[PDB]
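A short write-up of the structure that comes next.
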Amino acid sequence: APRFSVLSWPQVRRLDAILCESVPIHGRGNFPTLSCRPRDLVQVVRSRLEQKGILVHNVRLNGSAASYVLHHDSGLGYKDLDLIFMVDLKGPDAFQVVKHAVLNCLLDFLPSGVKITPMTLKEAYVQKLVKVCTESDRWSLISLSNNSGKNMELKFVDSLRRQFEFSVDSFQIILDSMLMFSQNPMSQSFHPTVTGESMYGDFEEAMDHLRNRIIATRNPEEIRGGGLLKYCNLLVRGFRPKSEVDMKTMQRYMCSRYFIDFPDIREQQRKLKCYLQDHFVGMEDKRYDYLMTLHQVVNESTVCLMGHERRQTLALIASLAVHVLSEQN
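Below is the structure:
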């Protein structure tokens, strides 16, 4: 039952592809659209962080991209490129140093021209900035936009208890052995050894859920409100719970946490509109199936004490589904 595993050659081949594929970084306003390889961005960000005194232990690839590396036939696809930097943030002003380091990296990928302020680069390329500082969790996130609903999230984690929602998207692939390989063609008889970790706690059990398209988790009480939204995305993509008891348990927690995190129905509409716009760029027609899936889960798993909330949310979902249908003919 180990939570670690060494990647095979087809997995290493796909990991090298992702690290070498050029990705665009959209600039708001007059800023040019950048083009960088993920291996280069990791290298330049890690180097400058270490120059400013922030220790970088290792860098990982998370999200559905890691699942695609481990299993190309994953029903998940991959929209986000999630890069996790294992850094030491207990130092003074570490969050601001990380921010300015990444902003300085965007300055390097700019073409020949111009001494551009960090605040102007932030408004140009940073789509989201998150900072969490507590005795238990300490990390930061800087999100860049790939101008197609895709996001490049640079997460800098010092301490984070839970880094997974479900088993099928819980993989982090350490990249350090890949970056030192060049800094020649890669082959089956000559390729670096790569170690992967399953935040779900069992690499082979999670790989089984990925091959068989199973929805499973551990400690569902810790799942955030957004877990319900990802859950319905898994259902539309063909992933199904492992048993009926497992389904009712998971859905009850995700519905309960959904109302806790988003009590205001106005907050629900704004987040639901954002989720539909971001996760269906290549499949706008599937938005109806998603809302019907979400409508069913909310209707069947909302404790009978929250009847007003259940009826409130179902009306919002149905209203969004009508709007989607109204786009045709």
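The sequence shown runs 12 to 125, 129 to 197, 201 to 346 under the UniProt record's numbering.
We put the beta carbon where it would ideally sit given N, CA and C, even for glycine.
Rounded distance between the beta-carbons of residue j and residue i, thought under 8 Å
i, j, result
"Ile65", "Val113", "Going by Cβ atoms, the distance from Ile65 to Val113 rounds to 11 Å, so no, they are not a contact pair."
"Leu227", "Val182", "5 Å"
"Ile29", "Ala105", "Not quite, the Cβ-Cβ distance comes to about 28 Å (not below 8 Å), so this is no contact."
"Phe220", "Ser16", "4 Å"
"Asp190", "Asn69", "5 Å"
"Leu289", "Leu245", "Not quite, the Cβ-Cβ distance comes to about 11 Å (not below 8 Å), so this is no contact."
"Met192", "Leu81", "That pair is no contact at about 14 Å."
"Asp99", "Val55", "So it is not a contact: roughly 19 Å between Cβ atoms."
Beta carbon proximity, residue i to chain C, threshold 7 Å
i, result
"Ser58", "The displayed structure is made up of one protein chain only, and chain C is not part of it."
CA nearest to the CA of residue i, picked from the options
i, options, result
"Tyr305", "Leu333, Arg283, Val339 and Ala223", "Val339"
"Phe96", "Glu149, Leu155 and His83", "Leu155"
"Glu239", "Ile231, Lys259, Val262 and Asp278", "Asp278"
"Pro49", "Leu118, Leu26, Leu289 and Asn41", "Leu26"
"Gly255", "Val55, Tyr275 and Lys303", "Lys303"
"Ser78", "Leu331, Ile232, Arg274 and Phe185", "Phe185"
"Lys101", "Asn346, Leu117 and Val67", "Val67"
Own chain residues within Cβ distance below 6 Å of residue i, not counting five before or after
i, result
"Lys142", "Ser157"
"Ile334", "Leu308, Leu311 and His312"
"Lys169", "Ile95 and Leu155"
"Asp295", "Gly163"
"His111", "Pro132"
"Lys259", "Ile231 and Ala233"
Buried versus exposed, by CB contacts within 10 Å (16 or more), residue i
i, result
"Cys321", "exposed"
"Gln205", "exposed"
"residue 5", "Because residue 5 is not part of the residues shown, which for the chain are 12 to 346, the question remains open."
"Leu72", "buried"
"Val262", "exposed"
"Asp93", "buried"
"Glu326", "buried"
"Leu18", "buried"
**OP:** For the region 256 to 275 and the region 207 to 214, state whether three or more C-beta atom pairs, one from each stretch, are separated by less than 8 Å.
**Re:** With the cut-off at 8 Å, the region 256 to 275 and the region 207 to 214 do not touch.
Original post:
Counting Cβ pairs closer than 8 Å, one from the region 32 to 39 and one from the region 161 to 179, do we hit at least three?
Top reply: A contact exists between the region 32 to 39 and the region 161 to 179.
Subject >> Cβ contact check for the region 77 to 90 and the region 246 to 263: 3 or more pairs under 8 Å >> reply: Yes: at least three Cβ pairs fall under 8 Å.
Subject >> Cβ pair count under 8 Å reaching 3, the region 55 to 65 against the region 143 to 150 >> reply: Not touching, per the Cβ criterion.
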